[PDB]
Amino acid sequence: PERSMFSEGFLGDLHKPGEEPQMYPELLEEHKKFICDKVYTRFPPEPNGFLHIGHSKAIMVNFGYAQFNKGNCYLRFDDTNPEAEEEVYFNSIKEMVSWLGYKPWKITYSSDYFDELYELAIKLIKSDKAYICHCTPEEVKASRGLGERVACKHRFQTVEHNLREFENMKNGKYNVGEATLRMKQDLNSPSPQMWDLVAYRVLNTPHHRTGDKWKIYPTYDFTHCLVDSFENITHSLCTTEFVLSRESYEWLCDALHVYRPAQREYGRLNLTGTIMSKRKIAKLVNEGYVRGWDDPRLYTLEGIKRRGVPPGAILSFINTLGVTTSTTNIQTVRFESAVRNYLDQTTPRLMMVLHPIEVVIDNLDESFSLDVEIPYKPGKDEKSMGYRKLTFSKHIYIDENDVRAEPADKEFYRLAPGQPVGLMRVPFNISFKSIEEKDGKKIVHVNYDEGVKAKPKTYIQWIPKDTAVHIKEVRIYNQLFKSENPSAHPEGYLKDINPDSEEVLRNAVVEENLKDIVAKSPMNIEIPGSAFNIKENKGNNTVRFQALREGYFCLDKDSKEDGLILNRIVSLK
């Protein structure tokens, strides 16, 4: 069957809610009375960019564990750092959580706790566990041993001197960088994540949610653990990148006599052949190598969604990988295989011709009409998706590569002189007659070999000409880079772009019944017995189908009724 990842490995061996290891075990009664034996997790994306595919593991681990155990999961924006904070990041994050079929129990912000965090900075100062430093960034490197660690004169300032200076920082007394608030931890400890970390930095800038009220803003080292305690996070799950930071994490809570959440780290998801440098990908969008942050060639969530990948395929893929402390190293070919096997089960089959050539069946009359009924998914579940009718007549389209004017060879099974080809779901074959040159285009004349039972070597797809839908653009996508390590290219990652990563076909046609797939979309066909049957909302990305001999496609963001634009999700293979 399908073994869930939440009952195995890293997630299946986590503690029960309410049994988080505490230095002071009496801080659980106020914690237990809030959780009521429910799991409480968080998702804390920083809203200064788009989510890539790695965040889908962060989303699945945190919302999925909360949902698997009938608990709750916060959607917490980590707007600790005040900047321009463009609203599209906040929306895109919300949409990508909702798109993956997870509903947050409550949407919160890190800025929501600036008041409570300022009170705990005083308590830490009053506890002689912090101090204000006026050191330059070069000075603290020497005090950290850029070597032998030495203390600073500020560390021995009286408690009342720290209180006096911090109230000055609050009221915009000093400039950016000239004054900090460092935790008084331990300099003999070998962990560099404990060499008097900065807890508050003076910024004197407006925050998009709080404005000019705050002139000093805390750091990540101060914010993560304390906001987890405020929201009674039973399991605070993050990537193994911050495993050394768990000492300072647990330190700050034990230094303030607050509930100490359990930070357990999992290995992040690393796809081979992916660059994660936000600046590098920014360079691509600006110079035009891709047509937006949601370009179907990117491994950002918006781009993967626009490529046409169904959300359930992503989750089904992360689940089969599992979650351990070991960081992965998965080839993108295994990701495309998962999406391919998912669409094989959940999409209807349509007839599309990418490089059409007009066919004239000479021996058929103009009034001739043979209705051919075709199921949307031939197989064990035919009657579930329904049937459709195509009218076979004198004028049809087939693919240029399915007809050749010279006799065939051992590798060519399609239309040729002396070698008839079968038309899908059509009783009898068509035989080659001649090729007419007309209006620049080529027109193949055939006979319909009616009444003669002869097995063809293959059956090709075809479109009725009179009711064919003409597609403005079909975009065939491949890997954006030629190699699996673009940053290691001797001439730079820009010199490793795949020029053929996007091919735009201008003359494709598809059968009329695509209009029927749009009307039934969002279709949301389910994989029996699978736990990853996510229902989607309306949108061109949900209009998915398989072109019977070409691959899987969907409607792009830019598609309209009088201007269809298709994306090739993944090859047929």
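Residue indices: 1-based, along the sequence shown.
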Residue 146 to residue 147: deposited residues without atomic coordinates:
4 to 9
Per the entry, higher mean C-alpha B factor between 88-96 and 482-490
482-490
Assert higher mean C-alpha B factor (347-355 or 162-170, deposited values) equals 162-170
Residue, from 322, 292, 206, 464, that the PDB entry assigns the highest Cα B-factor
206
Among 193, 434, 316, 419, which carries the highest Cα B-factor?
193
Consider only the C-alpha atoms of the modelled residues in this chain, order them by B-factor as the entry records it, and name the third containing residue 309: lowest, middle or highest.
lowest
Binned into thirds over the chain's modelled residues, the C-alpha B-factor of residue 24 lands in the highest
What third of its chain, lowest, middle or highest, does the C-alpha temperature factor of residue 499 fall into?
middle
Comparing residue 34 with the other modelled residues of its chain, is its CA B-factor in the lowest, middle or highest third?
highest
Please place residue 296 in the lowest, middle or highest third of its chain according to the CA B-factor in the PDB entry.
lowest
